[PDB]
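Asker: Sending over a structure as structure tokens; questions will come in a sec.
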Amino acid sequence: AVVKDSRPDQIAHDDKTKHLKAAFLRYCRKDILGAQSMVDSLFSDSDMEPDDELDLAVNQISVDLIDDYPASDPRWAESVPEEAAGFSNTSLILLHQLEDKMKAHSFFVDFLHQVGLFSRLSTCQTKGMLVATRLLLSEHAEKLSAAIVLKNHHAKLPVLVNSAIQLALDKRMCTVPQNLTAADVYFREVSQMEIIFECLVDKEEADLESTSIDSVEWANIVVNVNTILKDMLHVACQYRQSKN
Amino acid sequence: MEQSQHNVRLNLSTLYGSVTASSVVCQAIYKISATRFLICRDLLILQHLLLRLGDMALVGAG
Amino acid sequence: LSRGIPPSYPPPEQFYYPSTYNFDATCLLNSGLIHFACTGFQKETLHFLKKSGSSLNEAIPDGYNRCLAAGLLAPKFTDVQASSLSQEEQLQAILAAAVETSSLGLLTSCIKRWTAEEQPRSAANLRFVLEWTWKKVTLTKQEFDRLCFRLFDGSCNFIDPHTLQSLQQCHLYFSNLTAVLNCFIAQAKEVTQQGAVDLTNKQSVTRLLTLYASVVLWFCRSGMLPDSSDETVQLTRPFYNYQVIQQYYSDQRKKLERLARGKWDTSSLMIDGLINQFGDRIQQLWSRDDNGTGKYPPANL
């Protein structure tokens, strides 16, 4: 039931992405055989050729997976009737949604390795600079872990991080469903979390202009932001080094 | 009706009472008990339903 | 060949269209009989949507379109199409209509269906319907107060069947929204404790209004208003003699006081001790009556 012509983007691309999603769901349900059968049904895995269409489809699947909570997760549990004001474990639900996002990313990478498509991952065009899509998935996982630790910082130092979250939301002009939250939406599309750092900084000079002598927060705020930023750099570096 | 014996008019007064009659009577009373059970339950349900409906398509409900 | 029943007479204009005529018929042949139904399309769409109620939201556009085309919707719902509306407002209108139809079961079954299978907008829909339910409670109670104040004061002695029908509609609304809230708390696996507390508060409010509507409807139907001692409105039921009874118990109280003196604690009526467990809150409630302030019988119904 193949669809004719590859081209940059059309309904055939959507069909290919749906097939990739079905094979990935099979892999999550622990079926290497059906996933590999679907993979062979679209592209031969005996080819070592660079396939920009294949890499682009894989990258888009990864983008959708990281920006949307996966199927059959506790996020669907309150999406189906539980939310009127929410229950007492919403932060835990968000944390475990991030956990399942990491698990699904791992399952997808393992699926690609099993079906031999991870080896076929060559490149894609981003911002005018060429990136290997294996590296792209690695960065997806790195910034997913960054979102996880970002939720951790959100829990530990709430007022400043939430102020930065809302400021970045304002600068991002992305809508929030009432079932979701501001932090949840920000943590879903992990592609644009960078806004939070300069939002923090702007708030920093805003406060420090006002701060006068005999102030301990005068240094405490800087201590906090220093630790937090160092920690995200730390976790990204260690994930990259470990998973190279 | 206590165990005060009535004046017999036929020998049909002492007629019948066999074990077959007992079995038939017990089966019949079981069956009629079940049927009247269902009928009375439906009657009470219909009574309550009609009482709660009031004037939704009805007239003269006063 | 028959037509449907309306939630409130007279029947709508849909009754006057052939689309409402649902009828089965049989054609004779030289080989047998063939039986068919006519204008069952409306109920076919309705039952298909209900069985898809676990994913009802996505089928609301097409299903609502089919219901509008068949004329199943009330005449007022035909002016708005599912293409120009969204499934959520279509569902809210359908739920409203089910409320005026005195059909709480459809809402309960639909929400139970939504509780299963993945459907992200179900939580939003239930939220919107719950605030809608509470504001509908508020408007219904206000309207009921407006209807009943003229009877409490005494301006209207006999209402019309239309006012009686509106009161019955309000009572049925109270019952249906009770059922809706109680279902909601039944399949509510997760809410804040404050949310549960205030939801129980509002359900208790619904109970108070439901019983109050029942009793006031009973007085209106029996003609016990304005008040039962009003000899002008007593032509079918036992009238009341307030003076005889109140004076008799005043004399009973005085007799009990004179017998008790200072060697007995019994110097108050049994109803007096009864209201005492509830405290003087009832005394303040009834401290607007003649022949004693908060003394049984209180003068105001």
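Following the order of the structure tokens, first chain is A, next is B, and so on, with residues numbered from 1 inside each chain and ligands from 1 in the order they appear.
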Can you work out which residues from chain C touch chain B at a cut-off of 7 Å (counting only C-alpha atoms) and hand them back as a list in words?
Answerer: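 Written out as asked, the residues are residues 5, 6, 7, 8, 9, 165, 168 and 221 of chain C.
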Asker: For the selection you just gave me, I'd like the residues written to a file as an mmCIF file, in the first residue's frame, keeping C-alpha atoms.
Answerer:
```cif
data_model
loop_
_atom_site.group_PDB
_atom_site.id
_atom_site.type_symbol
_atom_site.label_atom_id
_atom_site.label_comp_id
_atom_site.auth_asym_id
_atom_site.auth_seq_id
_atom_site.Cartn_x
_atom_site.Cartn_y
_atom_site.Cartn_z
ATOM 1 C CA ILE C 5 -43.674 13.180 23.342
ATOM 2 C CA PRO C 6 -42.621 16.736 24.282
ATOM 3 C CA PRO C 7 -40.982 17.769 27.569
ATOM 4 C CA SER C 8 -43.567 20.572 27.789
ATOM 5 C CA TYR C 9 -46.926 20.960 26.046
ATOM 6 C CA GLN C 165 -45.712 23.556 34.623
ATOM 7 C CA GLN C 168 -42.530 21.335 37.809
ATOM 8 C CA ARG C 221 -51.262 22.212 44.463
#
```
Asker: For residue 108 (chain C), list every protein, DNA or RNA residue within 7 Å, evaluated using only C-alpha atoms, and leave out those in the same chain fewer than 4 positions away; present the list as a list in words.
Answerer: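 Listing them by chain and then by number gives residues 104, 112, 180 and 183 of chain C.
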Asker: Selection from above, N, CA, C and O atoms, as a short mmCIF file (atom, residue, chain, number, x, y, z; two decimals), in the first residue's frame, can you write it?
Answerer:
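What follows is the written file part-v2.cif:
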```
data_model
loop_
_atom_site.label_atom_id
_atom_site.label_comp_id
_atom_site.auth_asym_id
_atom_site.auth_seq_id
_atom_site.Cartn_x
_atom_site.Cartn_y
_atom_site.Cartn_z
N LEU C 104 -31.74 13.32 32.89
CA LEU C 104 -30.41 13.29 33.51
C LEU C 104 -29.61 12.08 33.06
O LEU C 104 -28.37 12.08 33.13
N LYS C 112 -20.03 8.93 31.77
CA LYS C 112 -19.44 7.62 32.05
C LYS C 112 -18.73 7.06 30.82
O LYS C 112 -17.66 6.45 30.95
N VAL C 180 -26.66 14.74 38.24
CA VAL C 180 -25.43 15.06 37.52
C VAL C 180 -24.27 15.23 38.49
O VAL C 180 -23.19 14.66 38.30
N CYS C 183 -23.39 11.85 40.17
CA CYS C 183 -22.59 11.07 39.24
C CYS C 183 -21.17 11.60 39.19
O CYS C 183 -20.22 10.86 39.46
#
```
Asker: Given a cut-off of 7 Å, which residues of chain C touch chain A, counting only C-alpha atoms, written out as a list in words?
Answerer: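 Putting it all together, I get residues 114, 115, 118, 119, 120, 121, 122, 123, 124, 127, 188, 189, 190, 191 and 192 of chain C.
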Asker: Would you compute the distance between CA of residue 60 (chain C) and CA of residue 100 (chain C)? Give it in Å to one decimal.
Answerer: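 It comes out at 19.9 Å.
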Asker: I need the residues of region 17-241 of chain A that end up classed as strand (DSSP E or B) by DSSP on the backbone, written out as a list in words.
Answerer: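 Assigned to strand (DSSP E or B), within region 17-241 of chain A: residues 124, 125, 126, 129, 130 and 131 of chain A.
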Asker: State, in Å with one decimal place, the distance from CA of residue 251 (chain C) to CA of residue 290 (chain C).
Answerer: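 Computing it gives 16.3 Å between the two atoms.
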